[PDB]
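Asks: For reference, the file my_file_31.pdb (PDB, C-alpha atoms) is included below:
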ATOM      1  CA  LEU A 170       0.000   0.000   0.000  1.00  0.00           C
ATOM      2  CA  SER A 171       0.906   3.662  -0.312  1.00  0.00           C
ATOM      3  CA  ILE A 172       2.408   5.568   2.586  1.00  0.00           C
ATOM      4  CA  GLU A 173      -0.797   7.629   3.016  1.00  0.00           C
ATOM      5  CA  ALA A 174      -2.918   4.452   3.200  1.00  0.00           C
ATOM      6  CA  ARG A 175      -0.547   2.925   5.776  1.00  0.00           C
ATOM      7  CA  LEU A 176      -0.688   6.117   7.864  1.00  0.00           C
ATOM      8  CA  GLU A 177      -4.534   6.021   7.702  1.00  0.00           C
ATOM      9  CA  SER A 178      -4.488   2.337   8.728  1.00  0.00           C
ATOM     10  CA  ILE A 179      -2.010   3.199  11.518  1.00  0.00           C
ATOM     11  CA  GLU A 180      -4.338   5.994  12.728  1.00  0.00           C
ATOM     12  CA  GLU A 181      -7.336   3.600  12.765  1.00  0.00           C
ATOM     13  CA  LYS A 182      -5.402   1.104  14.909  1.00  0.00           C
ATOM     14  CA  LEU A 183      -4.413   3.857  17.352  1.00  0.00           C
ATOM     15  CA  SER A 184      -8.129   4.762  17.642  1.00  0.00           C
ATOM     16  CA  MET A 185      -8.948   1.096  18.382  1.00  0.00           C
ATOM     17  CA  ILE A 186      -6.189   0.994  21.022  1.00  0.00           C
ATOM     18  CA  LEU A 187      -7.491   4.206  22.610  1.00  0.00           C
ATOM     19  CA  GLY A 188     -11.013   2.761  22.822  1.00  0.00           C
ATOM     20  CA  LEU A 189      -9.737  -0.417  24.492  1.00  0.00           C
ATOM     21  CA  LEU A 190      -7.747   1.645  27.037  1.00  0.00           C
ATOM     22  CA  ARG A 191     -10.755   3.851  27.893  1.00  0.00           C
ATOM     23  CA  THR A 192     -12.935   0.759  28.476  1.00  0.00           C
ATOM     24  CA  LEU A 193     -10.229  -1.507  30.046  1.00  0.00           C
TER      25      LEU A 193
ATOM     26  CA  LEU B 170      -5.325  14.828   5.048  1.00  0.00           C
ATOM     27  CA  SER B 171      -1.601  15.741   4.463  1.00  0.00           C
ATOM     28  CA  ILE B 172       1.216  13.430   5.725  1.00  0.00           C
ATOM     29  CA  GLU B 173       2.479  15.984   8.236  1.00  0.00           C
ATOM     30  CA  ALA B 174      -1.066  16.565   9.502  1.00  0.00           C
ATOM     31  CA  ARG B 175      -1.909  12.805   9.673  1.00  0.00           C
ATOM     32  CA  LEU B 176       1.399  12.303  11.486  1.00  0.00           C
ATOM     33  CA  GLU B 177       0.451  15.063  14.020  1.00  0.00           C
ATOM     34  CA  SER B 178      -2.830  13.258  14.759  1.00  0.00           C
ATOM     35  CA  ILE B 179      -0.942   9.954  15.259  1.00  0.00           C
ATOM     36  CA  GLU B 180       1.661  11.647  17.454  1.00  0.00           C
ATOM     37  CA  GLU B 181      -1.130  13.313  19.451  1.00  0.00           C
ATOM     38  CA  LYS B 182      -2.762   9.906  20.311  1.00  0.00           C
ATOM     39  CA  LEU B 183       0.588   8.272  21.197  1.00  0.00           C
ATOM     40  CA  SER B 184       1.405  10.941  23.798  1.00  0.00           C
ATOM     41  CA  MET B 185      -2.152  10.562  25.175  1.00  0.00           C
ATOM     42  CA  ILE B 186      -1.663   6.754  25.409  1.00  0.00           C
ATOM     43  CA  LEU B 187       1.870   7.035  26.859  1.00  0.00           C
ATOM     44  CA  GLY B 188       0.750   9.508  29.541  1.00  0.00           C
ATOM     45  CA  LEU B 189      -2.086   7.257  30.725  1.00  0.00           C
ATOM     46  CA  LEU B 190       0.102   4.207  31.140  1.00  0.00           C
ATOM     47  CA  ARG B 191       3.053   5.989  32.933  1.00  0.00           C
ATOM     48  CA  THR B 192       0.993   7.783  35.600  1.00  0.00           C
ATOM     49  CA  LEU B 193      -2.755   7.138  35.629  1.00  0.00           C
ATOM     50  CA  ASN B 194      -2.624   3.345  35.827  1.00  0.00           C
ATOM     51  CA  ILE B 195      -2.213   1.994  39.383  1.00  0.00           C
TER      52      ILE B 195
ATOM     53  CA  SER C 168      18.377   7.021   9.493  1.00  0.00           C
ATOM     54  CA  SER C 169      19.462   4.325   7.021  1.00  0.00           C
ATOM     55  CA  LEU C 170      16.083   2.494   6.981  1.00  0.00           C
ATOM     56  CA  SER C 171      13.521   3.450   4.290  1.00  0.00           C
ATOM     57  CA  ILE C 172      10.230   5.131   5.391  1.00  0.00           C
ATOM     58  CA  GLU C 173       8.334   2.052   4.237  1.00  0.00           C
ATOM     59  CA  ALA C 174      10.531  -0.289   6.310  1.00  0.00           C
ATOM     60  CA  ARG C 175      10.035   1.986   9.322  1.00  0.00           C
ATOM     61  CA  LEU C 176       6.286   1.932   8.622  1.00  0.00           C
ATOM     62  CA  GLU C 177       6.293  -1.964   8.657  1.00  0.00           C
ATOM     63  CA  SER C 178       8.066  -1.954  12.043  1.00  0.00           C
ATOM     64  CA  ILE C 179       5.465   0.514  13.383  1.00  0.00           C
ATOM     65  CA  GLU C 180       2.608  -1.674  12.021  1.00  0.00           C
ATOM     66  CA  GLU C 181       4.091  -4.785  13.708  1.00  0.00           C
ATOM     67  CA  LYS C 182       4.371  -2.978  17.057  1.00  0.00           C
ATOM     68  CA  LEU C 183       0.796  -1.723  16.741  1.00  0.00           C
ATOM     69  CA  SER C 184      -0.436  -5.309  16.155  1.00  0.00           C
ATOM     70  CA  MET C 185       1.442  -6.644  19.156  1.00  0.00           C
ATOM     71  CA  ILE C 186       0.093  -3.787  21.255  1.00  0.00           C
ATOM     72  CA  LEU C 187      -3.553  -4.512  20.112  1.00  0.00           C
ATOM     73  CA  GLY C 188      -3.164  -8.276  20.680  1.00  0.00           C
ATOM     74  CA  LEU C 189      -1.929  -7.766  24.220  1.00  0.00           C
ATOM     75  CA  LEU C 190      -4.657  -5.201  24.910  1.00  0.00           C
ATOM     76  CA  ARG C 191      -7.519  -7.484  23.621  1.00  0.00           C
ATOM     77  CA  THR C 192      -6.358 -10.353  25.875  1.00  0.00           C
ATOM     78  CA  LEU C 193      -6.798  -8.376  29.107  1.00  0.00           C
TER      79      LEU C 193
ATOM     80  CA  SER D 168       5.418  20.041  11.817  1.00  0.00           C
ATOM     81  CA  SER D 169       8.969  21.389  11.797  1.00  0.00           C
ATOM     82  CA  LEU D 170      10.685  17.980  12.055  1.00  0.00           C
ATOM     83  CA  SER D 171      11.076  15.730   8.997  1.00  0.00           C
ATOM     84  CA  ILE D 172       8.812  12.770   8.300  1.00  0.00           C
ATOM     85  CA  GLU D 173      11.637  10.245   8.823  1.00  0.00           C
ATOM     86  CA  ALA D 174      12.517  11.720  12.240  1.00  0.00           C
ATOM     87  CA  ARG D 175       8.855  11.933  13.284  1.00  0.00           C
ATOM     88  CA  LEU D 176       8.282   8.329  12.273  1.00  0.00           C
ATOM     89  CA  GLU D 177      11.377   7.204  14.330  1.00  0.00           C
ATOM     90  CA  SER D 178      10.012   9.164  17.333  1.00  0.00           C
ATOM     91  CA  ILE D 179       6.615   7.514  16.794  1.00  0.00           C
ATOM     92  CA  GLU D 180       8.365   4.138  16.635  1.00  0.00           C
ATOM     93  CA  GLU D 181      10.120   4.837  19.985  1.00  0.00           C
ATOM     94  CA  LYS D 182       6.892   5.773  21.752  1.00  0.00           C
ATOM     95  CA  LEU D 183       5.266   2.590  20.460  1.00  0.00           C
ATOM     96  CA  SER D 184       8.146   0.517  22.069  1.00  0.00           C
ATOM     97  CA  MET D 185       7.589   2.338  25.394  1.00  0.00           C
ATOM     98  CA  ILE D 186       3.836   1.655  25.207  1.00  0.00           C
ATOM     99  CA  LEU D 187       4.398  -2.067  24.550  1.00  0.00           C
ATOM    100  CA  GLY D 188       6.749  -2.344  27.548  1.00  0.00           C
ATOM    101  CA  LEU D 189       4.280  -0.566  29.858  1.00  0.00           C
ATOM    102  CA  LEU D 190       1.323  -2.743  28.783  1.00  0.00           C
ATOM    103  CA  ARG D 191       3.186  -5.993  29.397  1.00  0.00           C
ATOM    104  CA  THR D 192       4.176  -5.007  32.982  1.00  0.00           C
ATOM    105  CA  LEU D 193       0.533  -4.373  34.047  1.00  0.00           C
TER     106      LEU D 193
END
Would you write out, as structure tokens, the structure that this file holds?

Replies:
Amino acid sequence: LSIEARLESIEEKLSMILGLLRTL
Amino acid sequence: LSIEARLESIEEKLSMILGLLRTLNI
Amino acid sequence: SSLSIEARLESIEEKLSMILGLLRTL
Amino acid sequence: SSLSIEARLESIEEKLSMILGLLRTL
């Protein structure tokens, strides 16, 4: 994938991690 | 979104996650 | 900084995955 | 956004490593 797509995918994963930490 | 901007967002979230683990968790 | 941006991206993606995996099993 | 994309990525990589170490200790 392109660098922009990988950054967008990386941002999505950080959002998922944040949600898990808030609800842990 | 530009690369520098998208990076800034990512960097924002990492500092938020790093701060919670280091101090808030007990 | 010898490593290519893509290579650095792959390392970041791997670390994210490991982080998520550990978080989910908690 | 003064720093270069390669340096910012490396910094982002570093923070990810710190986050993984903190999560495992919990």

Asks: Please write the residues picked by the ChimeraX specification (/A :<8) & /B on this file as a list in words.

Replies: residues 172, 175, 176, 178, 179, 182, 183 and 186 of chain B

Asks: Apply the PyMOL selection byres ((chain D and resi 187) around 12) to the displayed file and report the matching residues as an MDAnalysis selection string.

Replies: (chainID A and resid 186) or (chainID B and resid 183 186:187 190:191) or (chainID C and resid 179 181:190) or (chainID D and resid 180:186 188:193)

Asks: Here's a check: after a least-squares fit over all in-order C-alpha atoms, write chain C in the frame of chain D, as a PDB file with C-alpha atoms, in the frame of the given file.

Replies:
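Wrote it out as selection.pdb, contents follow:
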ATOM      1  CA  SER C 168       6.153  21.116  10.882  1.00  0.00           C
ATOM      2  CA  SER C 169       9.942  21.535  10.733  1.00  0.00           C
ATOM      3  CA  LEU C 170      10.742  17.875  11.590  1.00  0.00           C
ATOM      4  CA  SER C 171      11.246  15.395   8.706  1.00  0.00           C
ATOM      5  CA  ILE C 172       8.687  12.545   8.257  1.00  0.00           C
ATOM      6  CA  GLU C 173      11.400  10.042   9.143  1.00  0.00           C
ATOM      7  CA  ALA C 174      12.267  11.870  12.385  1.00  0.00           C
ATOM      8  CA  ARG C 175       8.564  11.978  13.262  1.00  0.00           C
ATOM      9  CA  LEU C 176       8.367   8.253  12.465  1.00  0.00           C
ATOM     10  CA  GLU C 177      11.295   7.528  14.931  1.00  0.00           C
ATOM     11  CA  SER C 178       9.481   9.455  17.689  1.00  0.00           C
ATOM     12  CA  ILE C 179       6.302   7.444  16.985  1.00  0.00           C
ATOM     13  CA  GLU C 180       8.297   4.155  17.079  1.00  0.00           C
ATOM     14  CA  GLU C 181       9.860   5.116  20.448  1.00  0.00           C
ATOM     15  CA  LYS C 182       6.440   5.916  21.939  1.00  0.00           C
ATOM     16  CA  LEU C 183       5.042   2.629  20.634  1.00  0.00           C
ATOM     17  CA  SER C 184       7.902   0.714  22.329  1.00  0.00           C
ATOM     18  CA  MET C 185       7.367   2.469  25.638  1.00  0.00           C
ATOM     19  CA  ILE C 186       3.643   1.800  25.376  1.00  0.00           C
ATOM     20  CA  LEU C 187       4.251  -1.975  24.664  1.00  0.00           C
ATOM     21  CA  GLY C 188       6.813  -2.271  27.490  1.00  0.00           C
ATOM     22  CA  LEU C 189       4.427  -0.768  30.013  1.00  0.00           C
ATOM     23  CA  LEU C 190       1.559  -2.922  28.735  1.00  0.00           C
ATOM     24  CA  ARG C 191       3.580  -6.230  28.944  1.00  0.00           C
ATOM     25  CA  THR C 192       4.546  -5.507  32.577  1.00  0.00           C
ATOM     26  CA  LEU C 193       0.940  -5.388  33.816  1.00  0.00           C
TER      27      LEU C 193
END

Asks: Go ahead and compute the interatomic distance for atom CA of residue 176 of chain C and atom CA of residue 176 of chain D, in Å to one decimal.

Replies: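 Atom CA of residue 176 of chain D lies 7.6 Å from atom CA of residue 176 of chain C.
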
Asks: Enter the distance from atom CA of residue 189 of chain B to atom CA of residue 175 of chain D, in Å, rounded to one decimal.

Replies: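 Distance reported for this atom pair: 21.1 Å.
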
Asks: One decimal, in Å: what's the spacing between atom CA of residue 174 of chain B and atom CA of residue 168 of chain D?

Replies: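 So the answer is 7.7 Å.
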
Asks: Once you add 3 Å to each side, what are the centre and edge lengths of the axis-aligned box holding all listed atoms of segment 184-192 of chain C? One decimal in Å, as lines of an AutoDock Vina configuration file, if you can.

Replies:
center_x = -3.0
center_y = -7.1
center_z = 21.0
size_x = 15.0
size_y = 12.6
size_z = 15.7

Asks: Please, can chain C be completed to N, CA, C and O atoms and returned as a PDB file, in the coordinates of the input?

Replies:
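Here's the written file out-v5.pdb:
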ATOM      1  N   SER C 168      19.659   7.560   9.929  1.00  0.00           N
ATOM      2  CA  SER C 168      18.377   7.021   9.493  1.00  0.00           C
ATOM      3  C   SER C 168      18.500   6.274   8.170  1.00  0.00           C
ATOM      4  O   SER C 168      17.939   6.685   7.160  1.00  0.00           O
ATOM      5  N   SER C 169      19.256   5.183   8.191  1.00  0.00           N
ATOM      6  CA  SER C 169      19.462   4.325   7.021  1.00  0.00           C
ATOM      7  C   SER C 169      18.199   3.626   6.478  1.00  0.00           C
ATOM      8  O   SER C 169      18.063   3.455   5.271  1.00  0.00           O
ATOM      9  N   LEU C 170      17.308   3.179   7.363  1.00  0.00           N
ATOM     10  CA  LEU C 170      16.083   2.494   6.981  1.00  0.00           C
ATOM     11  C   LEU C 170      15.119   3.357   6.138  1.00  0.00           C
ATOM     12  O   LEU C 170      14.966   4.545   6.392  1.00  0.00           O
ATOM     13  N   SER C 171      14.468   2.751   5.147  1.00  0.00           N
ATOM     14  CA  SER C 171      13.521   3.450   4.290  1.00  0.00           C
ATOM     15  C   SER C 171      12.233   3.690   5.057  1.00  0.00           C
ATOM     16  O   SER C 171      11.915   2.921   5.959  1.00  0.00           O
ATOM     17  N   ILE C 172      11.480   4.785   4.750  1.00  0.00           N
ATOM     18  CA  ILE C 172      10.230   5.131   5.391  1.00  0.00           C
ATOM     19  C   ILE C 172       9.286   3.931   5.386  1.00  0.00           C
ATOM     20  O   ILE C 172       8.657   3.648   6.397  1.00  0.00           O
ATOM     21  N   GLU C 173       9.186   3.209   4.273  1.00  0.00           N
ATOM     22  CA  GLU C 173       8.334   2.052   4.237  1.00  0.00           C
ATOM     23  C   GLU C 173       8.731   1.015   5.274  1.00  0.00           C
ATOM     24  O   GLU C 173       7.852   0.510   5.966  1.00  0.00           O
ATOM     25  N   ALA C 174      10.011   0.650   5.320  1.00  0.00           N
ATOM     26  CA  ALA C 174      10.531  -0.289   6.310  1.00  0.00           C
ATOM     27  C   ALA C 174      10.185   0.171   7.729  1.00  0.00           C
ATOM     28  O   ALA C 174       9.733  -0.625   8.543  1.00  0.00           O
ATOM     29  N   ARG C 175      10.409   1.448   8.030  1.00  0.00           N
ATOM     30  CA  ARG C 175      10.035   1.986   9.322  1.00  0.00           C
ATOM     31  C   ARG C 175       8.520   1.842   9.520  1.00  0.00           C
ATOM     32  O   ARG C 175       8.087   1.489  10.609  1.00  0.00           O
ATOM     33  N   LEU C 176       7.709   2.126   8.497  1.00  0.00           N
ATOM     34  CA  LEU C 176       6.286   1.932   8.622  1.00  0.00           C
ATOM     35  C   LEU C 176       5.954   0.498   9.019  1.00  0.00           C
ATOM     36  O   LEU C 176       5.109   0.307   9.886  1.00  0.00           O
ATOM     37  N   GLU C 177       6.526  -0.558   8.354  1.00  0.00           N
ATOM     38  CA  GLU C 177       6.293  -1.964   8.657  1.00  0.00           C
ATOM     39  C   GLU C 177       6.623  -2.274  10.123  1.00  0.00           C
ATOM     40  O   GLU C 177       5.865  -2.973  10.783  1.00  0.00           O
ATOM     41  N   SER C 178       7.739  -1.762  10.640  1.00  0.00           N
ATOM     42  CA  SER C 178       8.066  -1.954  12.043  1.00  0.00           C
ATOM     43  C   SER C 178       6.994  -1.323  12.944  1.00  0.00           C
ATOM     44  O   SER C 178       6.590  -1.935  13.924  1.00  0.00           O
ATOM     45  N   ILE C 179       6.532  -0.115  12.624  1.00  0.00           N
ATOM     46  CA  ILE C 179       5.465   0.514  13.383  1.00  0.00           C
ATOM     47  C   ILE C 179       4.171  -0.312  13.324  1.00  0.00           C
ATOM     48  O   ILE C 179       3.528  -0.486  14.348  1.00  0.00           O
ATOM     49  N   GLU C 180       3.797  -0.832  12.153  1.00  0.00           N
ATOM     50  CA  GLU C 180       2.608  -1.674  12.021  1.00  0.00           C
ATOM     51  C   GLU C 180       2.701  -2.953  12.872  1.00  0.00           C
ATOM     52  O   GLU C 180       1.712  -3.362  13.467  1.00  0.00           O
ATOM     53  N   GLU C 181       3.863  -3.610  12.883  1.00  0.00           N
ATOM     54  CA  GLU C 181       4.091  -4.785  13.708  1.00  0.00           C
ATOM     55  C   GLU C 181       3.910  -4.460  15.194  1.00  0.00           C
ATOM     56  O   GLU C 181       3.227  -5.185  15.906  1.00  0.00           O
ATOM     57  N   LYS C 182       4.528  -3.380  15.667  1.00  0.00           N
ATOM     58  CA  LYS C 182       4.371  -2.978  17.057  1.00  0.00           C
ATOM     59  C   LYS C 182       2.913  -2.667  17.388  1.00  0.00           C
ATOM     60  O   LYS C 182       2.450  -3.032  18.461  1.00  0.00           O
ATOM     61  N   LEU C 183       2.192  -1.981  16.500  1.00  0.00           N
ATOM     62  CA  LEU C 183       0.796  -1.723  16.741  1.00  0.00           C
ATOM     63  C   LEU C 183       0.044  -3.028  16.961  1.00  0.00           C
ATOM     64  O   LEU C 183      -0.726  -3.109  17.912  1.00  0.00           O
ATOM     65  N   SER C 184       0.203  -3.996  16.053  1.00  0.00           N
ATOM     66  CA  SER C 184      -0.436  -5.309  16.155  1.00  0.00           C
ATOM     67  C   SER C 184      -0.173  -5.985  17.492  1.00  0.00           C
ATOM     68  O   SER C 184      -1.094  -6.448  18.148  1.00  0.00           O
ATOM     69  N   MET C 185       1.093  -6.054  17.882  1.00  0.00           N
ATOM     70  CA  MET C 185       1.442  -6.644  19.156  1.00  0.00           C
ATOM     71  C   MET C 185       0.779  -5.877  20.296  1.00  0.00           C
ATOM     72  O   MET C 185       0.292  -6.494  21.234  1.00  0.00           O
ATOM     73  N   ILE C 186       0.774  -4.546  20.245  1.00  0.00           N
ATOM     74  CA  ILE C 186       0.093  -3.787  21.255  1.00  0.00           C
ATOM     75  C   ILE C 186      -1.369  -4.198  21.302  1.00  0.00           C
ATOM     76  O   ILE C 186      -1.850  -4.535  22.376  1.00  0.00           O
ATOM     77  N   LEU C 187      -2.146  -4.151  20.171  1.00  0.00           N
ATOM     78  CA  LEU C 187      -3.553  -4.512  20.112  1.00  0.00           C
ATOM     79  C   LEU C 187      -3.821  -5.926  20.647  1.00  0.00           C
ATOM     80  O   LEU C 187      -4.778  -6.120  21.381  1.00  0.00           O
ATOM     81  N   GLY C 188      -3.026  -6.907  20.218  1.00  0.00           N
ATOM     82  CA  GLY C 188      -3.164  -8.276  20.680  1.00  0.00           C
ATOM     83  C   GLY C 188      -3.102  -8.370  22.190  1.00  0.00           C
ATOM     84  O   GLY C 188      -3.964  -8.972  22.815  1.00  0.00           O
ATOM     85  N   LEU C 189      -2.067  -7.784  22.777  1.00  0.00           N
ATOM     86  CA  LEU C 189      -1.929  -7.766  24.220  1.00  0.00           C
ATOM     87  C   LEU C 189      -3.099  -7.028  24.885  1.00  0.00           C
ATOM     88  O   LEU C 189      -3.611  -7.485  25.902  1.00  0.00           O
ATOM     89  N   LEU C 190      -3.532  -5.896  24.336  1.00  0.00           N
ATOM     90  CA  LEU C 190      -4.657  -5.201  24.910  1.00  0.00           C
ATOM     91  C   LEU C 190      -5.910  -6.053  24.918  1.00  0.00           C
ATOM     92  O   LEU C 190      -6.565  -6.130  25.943  1.00  0.00           O
ATOM     93  N   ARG C 191      -6.336  -6.652  23.764  1.00  0.00           N
ATOM     94  CA  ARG C 191      -7.519  -7.484  23.621  1.00  0.00           C
ATOM     95  C   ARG C 191      -7.538  -8.633  24.636  1.00  0.00           C
ATOM     96  O   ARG C 191      -8.587  -8.926  25.194  1.00  0.00           O
ATOM     97  N   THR C 192      -6.409  -9.299  24.875  1.00  0.00           N
ATOM     98  CA  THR C 192      -6.358 -10.353  25.875  1.00  0.00           C
ATOM     99  C   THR C 192      -6.019  -9.760  27.241  1.00  0.00           C
ATOM    100  O   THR C 192      -4.935  -9.989  27.772  1.00  0.00           O
ATOM    101  N   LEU C 193      -6.970  -9.032  27.819  1.00  0.00           N
ATOM    102  CA  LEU C 193      -6.798  -8.376  29.107  1.00  0.00           C
ATOM    103  C   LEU C 193      -8.172  -8.056  29.678  1.00  0.00           C
ATOM    104  O   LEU C 193      -9.041  -7.544  28.968  1.00  0.00           O
TER     105      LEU C 193
END
